[PDB]
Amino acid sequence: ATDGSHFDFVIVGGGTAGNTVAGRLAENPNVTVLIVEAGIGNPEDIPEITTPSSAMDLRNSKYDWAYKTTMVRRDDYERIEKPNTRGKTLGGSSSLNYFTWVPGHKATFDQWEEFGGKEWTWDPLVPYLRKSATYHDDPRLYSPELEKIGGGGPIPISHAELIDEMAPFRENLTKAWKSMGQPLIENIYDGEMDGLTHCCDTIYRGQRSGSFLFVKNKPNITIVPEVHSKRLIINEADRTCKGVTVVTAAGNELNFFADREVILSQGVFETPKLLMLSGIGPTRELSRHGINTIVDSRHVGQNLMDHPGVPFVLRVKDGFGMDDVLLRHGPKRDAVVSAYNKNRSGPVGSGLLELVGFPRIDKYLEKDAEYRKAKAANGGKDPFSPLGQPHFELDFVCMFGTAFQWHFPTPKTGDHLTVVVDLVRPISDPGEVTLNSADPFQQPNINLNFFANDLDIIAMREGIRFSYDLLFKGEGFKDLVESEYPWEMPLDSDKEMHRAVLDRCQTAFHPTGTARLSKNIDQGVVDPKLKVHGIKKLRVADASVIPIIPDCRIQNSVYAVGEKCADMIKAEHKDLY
C-alpha cells in the first residue's frame, strides 16, 4: 500500500474480531477496507497453523507474541511467566488457539446489561454468537436441532471429528461422569450448560478455521501484514480519529487514513497499549511516560480479567491417550502424518479435546468452613455463580499437553491424559495492563492477578478434587489410571493444595476487559456502540471490550463482538449499507 492512502474503514490488528469486522464491512464490494497487522499475511500457507494437532507447538514460535506476564501477585506469592501466548499473524489468536467453540451461560451475558444495556444481553446476542459459523455434522452423530448453531458464516465448525482409537477413552469418561451423578448434555448453545458435552470446534475436515477466512478473495480489502502500529492518528480539535501510523519491516513510518471509521482490534493486551500511546487512558499513567492526555479514560488497560487454570496430567493405560501416535517419533506417527498429507484425514487433524465438562461443585465447596462463611456473608448466594452458571470448564485433553505443563518435561514413555481445570467464574479482582514506556515495540506490562481472593484458591482446589474423584473413582475410568505426573497432587492437605494451586496454575488463555463496553467513561472505555468514549470515528472490536468474562473458552463471544460491531457500523453508514 502507498503511504498516506485513504480507505473507508481501517482495521488495526487483523485478528479474531479484526478480520470479522473487516470481512463484514467488505460485503459491499464498493466499500474500501484496510487491515494493518504485525504478523504474516499468508497463514493458510503455514502447515503448523492449518494443522490442528500442531496448535500447542505454536507456543514460542514465530507466530507467538510470547509476552511476559505476571500470573499471580499476592503478598504470599508472585510468579511471572513467558510465554503468555497470543497470535502474531493474520487471524491473530484464532490462528494458534485450541479450537473449542462454546458461547457461555445466558445468565452471565444477561448481566452485560449493566454495561451495554439491553442489546448486550443473551437473546439479542444469540444471532451474533452464531453468525460467523457454518455448522457441519457429516457423520450425522448429533441432534439435527444443533444445526442452529451455524448461521452461515465463513468459519466452518463441527463437533470434534472423533478419533477412532479414543472411543474406549470417551466411553469410560462418559461412564465415570454419569457414575458421579452428573448430567450429560449436548445442547450448550441456548444459555444452559450443566454437564459433560461433546464439544464443537473451529476445525473442519482436519483444517483449522481461522478468522483469516473472513478476509480473503475480497479485492476491496487491502491487507498490509508485517507492520507494527506506532500510534492512532487523533485530531484534538475535532476530537476525531483520523487513521493510524505504522512501521514497516524496513523501518519506515506510514500513515493510513480512514474516511469513515477506525476499528481498533489489537486484542486485550495491545489495544489498551495503543490507546494509551495515542493519548487515551489514565492521565497519571500517560504523564508518567511523557504522553499527552487527549482523553482521561481511567478504565483503559484496567479490568483485565482472565480464567486461571490448574492443569494436571495422569499417566493412563496404553491406548487411552494419543502420545504414542502424535507426540513420539516412529512408524505410528509416520503413518498418520502420511495419511494427513495425502487427504487431511486421521488424528493429525485432531484438536485432541473431544469431551468437555461444565459442572458445579456446590457440595465440595460446602465442605469448606471458609466458603460456607463467605456464602453466608453474601446473604446465602454462591459467590462464584449465584445465577446457576457452571463453576468449571473441565477439558479432558487426550494426550500430554505441553501447552498446559509449563514447568514439567514431556514424559518419555506412556500415554497420558491432560485435565485442564479451568475456574470459569472466579471472583478475584481484575488485573491490569500498563505501559512500560512510550516505545511501541515494547510489550505492555501485564498482571492477571489470579487468585487475589482466597475463595478462588478454595474453589480451584475443590475442582481438582472433583476431577480426581471422577477419574480415580468413576466407573470405567478408574481402571485406566496408572499414575500422576510428575508427582502426587497433595489433595490430603489444604495447606499444600494452597501452594500447589498458586505454583501450578496458568492462564487458561482467555484474557478480556481492558477497554470494556460501558454506558459512560466513568464505567468503561467504549459505549454500547463500541465507540471510544471521548473520540469520534474510533471503535474497538476485540476481547478487551468484554465486560464480564464468559463461563468457558471465549473465542465464540469474541467473534460475536466483531459481528455485532460490524452490524452497528453498517446501521450508522446508511449511504453505504
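One-based numbering along the sequence shown.
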property: Residue stretch of maximal mean CA temperature factor, 430 to 438 vs 407 to 415; result: 407 to 415
property: Entry-level comparison of average CA B-factors, 459 to 467 and 157 to 165, reporting the higher stretch; result: 157 to 165
property: Per the PDB entry, maximal CA B factor within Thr507, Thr85, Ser95, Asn172; result: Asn172
property: Identity of residue with top Cα B-factor, from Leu355, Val348, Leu90, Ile223; result: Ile223
property: Modelled-residue ranking by C-alpha temperature factor, third containing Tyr340; result: highest
property: Where the record places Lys531 (Cα B-factor, split into thirds across the chain); result: highest
property: Ranked C-alpha temperature factor of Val247 among modelled chain residues, by third; result: lowest
property: Within-chain third of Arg360 by Cα B-factor, per the entry; result: middle
property: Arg516 - Cα temperature factor, lowest/middle/highest third of chain; result: lowest
